[PDB]
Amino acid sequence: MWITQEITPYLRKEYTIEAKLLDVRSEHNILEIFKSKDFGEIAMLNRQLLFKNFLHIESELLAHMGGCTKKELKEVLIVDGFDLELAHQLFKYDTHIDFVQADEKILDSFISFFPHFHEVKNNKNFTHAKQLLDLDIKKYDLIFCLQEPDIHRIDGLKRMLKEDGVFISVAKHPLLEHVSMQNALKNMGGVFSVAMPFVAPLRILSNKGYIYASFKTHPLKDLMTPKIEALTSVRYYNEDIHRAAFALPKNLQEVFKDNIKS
């Protein structure tokens, strides 16, 4: 048996799977978990794949890129996603996390997919809310957007940010789809003094990119090695990966030159 994902209008991927473990459709989302001989378990969340085998990669990368570049981490915000592993890694810091996901049904259906599901859901500092209006208002130190946000989502989130604030969001892969990344950066630049694209080194499995945005916090210059070396039980993240994540070939640097708010 096999399943397929379109990573491009001219490129698909075929995955051999040994079984279908779960299926839960919602009035807004559809999730399906498959058993994989390669990735252990593959979760298909609305035309996007998640490999149980490599949940530590993106979770460790985003969480610690934020954590190790911020002097103070007390309030975090995570919108537009179901990734509780990000949360598990962020808790390796002394911080509070506000998770906003309206789709409980889908979210709870990850009960076995995410290794640290319970450890995250039962954290005293972890508060899960259906929507934004369900949270005490305040300004955060780090905001995460799990789906490429638009100009509005960007603005709405930028005001909920502290002067010191940092915003890490998702976009397409800078090489495969430089035009998408270019647009994602332009949007980010409109309100942030620091807008820089990066990727997950060695994570050769997804057409995905990311942007590190802020008002006055540089992702390379404000990296604090001591916070890095102090982290425990990390299997992917380190300083080499962090810096390498921002490497760009010659041409691409030229292409994103003025959209890159370094």
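Note that residue numbering begins at 1 and tracks the sequence as displayed.
Quick check: 163-171 versus 179-187, which has the larger average CA B-factor in the record? Averaged over C-alpha atoms, the B-factors run higher in 163-171.
For the higher mean C-alpha B factor in the entry, choose 191-199 or 24-32. Higher mean C-alpha B-factor in the PDB entry: 24-32.
Using the temperature factors in the entry, find which of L132, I111, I106, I143 has the highest value at its Cα atom. Across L132, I111, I106, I143, the entry lists the biggest C-alpha B-factor for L132.
Check where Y210 lands among this chain's C-alpha B-factors and tell me if it's the lowest, middle or highest third. Lowest third of the chain for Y210's C-alpha B-factor.
Quick check on the deposited entry: does the C-alpha B-factor of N122 sit in the lowest, middle or highest third of its chain? Answer is highest: the recorded C-alpha B-factor places it there.
Should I97 be placed in the lowest, middle or highest third of its chain by the C-alpha B factor in the entry? Its C-alpha B-factor, which the entry lists for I97, ranks in the middle third among residues of this chain.
Within-chain third of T69 by Cα B-factor, per the entry: According to the entry, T69 has a C-alpha B-factor in the chain's lowest third.
Ranked against its chain, the third holding the CA B-factor of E60: According to the entry, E60 has a C-alpha B-factor in the chain's lowest third.
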